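Quick setup: one chain, the form deposited in one PDB entry, written in structure tokens, and binding and motion questions come after.
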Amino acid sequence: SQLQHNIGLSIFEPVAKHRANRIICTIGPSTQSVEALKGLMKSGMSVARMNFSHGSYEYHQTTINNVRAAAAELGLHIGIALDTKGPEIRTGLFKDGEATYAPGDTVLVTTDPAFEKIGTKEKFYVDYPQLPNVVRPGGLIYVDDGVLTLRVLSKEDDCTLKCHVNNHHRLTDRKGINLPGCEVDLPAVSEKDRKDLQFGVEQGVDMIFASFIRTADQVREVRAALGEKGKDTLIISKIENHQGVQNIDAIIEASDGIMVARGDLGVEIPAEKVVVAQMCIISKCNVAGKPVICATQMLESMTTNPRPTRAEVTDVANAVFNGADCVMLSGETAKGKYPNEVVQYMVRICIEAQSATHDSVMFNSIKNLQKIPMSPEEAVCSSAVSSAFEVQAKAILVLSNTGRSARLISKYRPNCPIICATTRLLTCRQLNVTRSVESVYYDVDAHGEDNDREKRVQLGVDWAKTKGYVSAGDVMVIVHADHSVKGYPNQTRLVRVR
């Protein structure tokens, strides 16, 4: 039992030498420079995020080129994630840049472009032109990350609502709007989102972080926005509304992975419900075998402080226990005063958490929740993990060009690292979002065609030996395909190193 496990935890036992969890960092003014990115990488960055809510294509081209430059110097394969703006709505601008609100007062909330830049404490503009028709009296409007709440009194006009101010707050220029009990009805791929998606496909982004995914058809709408050119790019759906959590199963099947975007989720749903929502989403992704990311205020204090609160440490730790592949940072790396220090702290917590959770428990929990019969592919991948547990394998080597097999091995959560002998550099980059994987790129062009995939295996074993994972005499589980078939692996080997 969990209780029986906790009572026997050895706090001062030696930690795991090889980090299995992955860190995603958003890139902003503090970390756009090649030197700052080299620092982030050297610190523990696996995927560099670009928030497309703000920034020109020139600004986002700089992040792309700099990540490629920094990773090239360090000889790493770092993924680039395009985080879409999505069906998001903010307020207008304010006359003299501010507006103070007192409780008991009344504010007209217009969708009239005349008040777009002339917003006062008496009347102000909001993006959504369908807002007076969506929000009905009694309904609450959550201006600025729910710190200002407005109850709807009446729809005075065609495109204006009279609202009663609940709490004292001073708002400023262009701040986000949330509608909790309101079914929005807005496009997932807006005309801006569409072009944002054609830019990334062109310049080669590895994955998409689709904002405000509500339905299974919404993740399909994004799939169509990336053409045959962007057919292989991953779709990580961001759950940040009530509809998303409600339709989580459909969204999971349609997506390549999921992000528990806790920022907007904590305002769209009550703050206390986010914990239960996170646990439930992460475990559903675990059973599905799809990468799940944790995302907001994980180490928020470290944007201004050199050390995190006791709350942040237990947050990043429990994100790992709940089963997250990745953990992300937003303000911290992008606008923070300690960007390398925050990634380093996250690394220490992730290694501590994974050392406490060195278990065959997650593997058995996930395996038992899978339907029988399995596919020969999955049956080989799950047994490769059980073989590793039985022989105490120091590493699992998978030959996966697309990364399916590597994601399928990682699905069964082994304690050892997973080395992936891939031929595609896109896959080395896309596997930065999957727990325990360590990709190795085989350059097929420079050498030979390689009919018998023996070179790829020797490349993996040698990389595992030199990177100190394996040492002479250790047993290693090799997974690949036989030379009579292709498409998917069907063979598993247990090899003592040389």
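Throughout, we count residues from 1 along the sequence that is shown. Between two forms, the rigid core is defined as the largest C-alpha subset superposing within 1.5 Å.
The same protein also exists as the form deposited in another entry; that form is not shown, yet it is the one meant from here on.
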property	result
Rigid-core frame, C-alpha of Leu161, shift of 2 angstroms or more between this form and the one not shown	yes
Core superposition between this form and the one not shown, C-alpha change of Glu253 at least 2 Å	no
In the other entry, shift in Cα separation for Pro180 relative to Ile282, 3 Å or more	farther
Direction of C-alpha distance change in the other entry, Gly181 to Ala319 (at least 3 Å)	farther
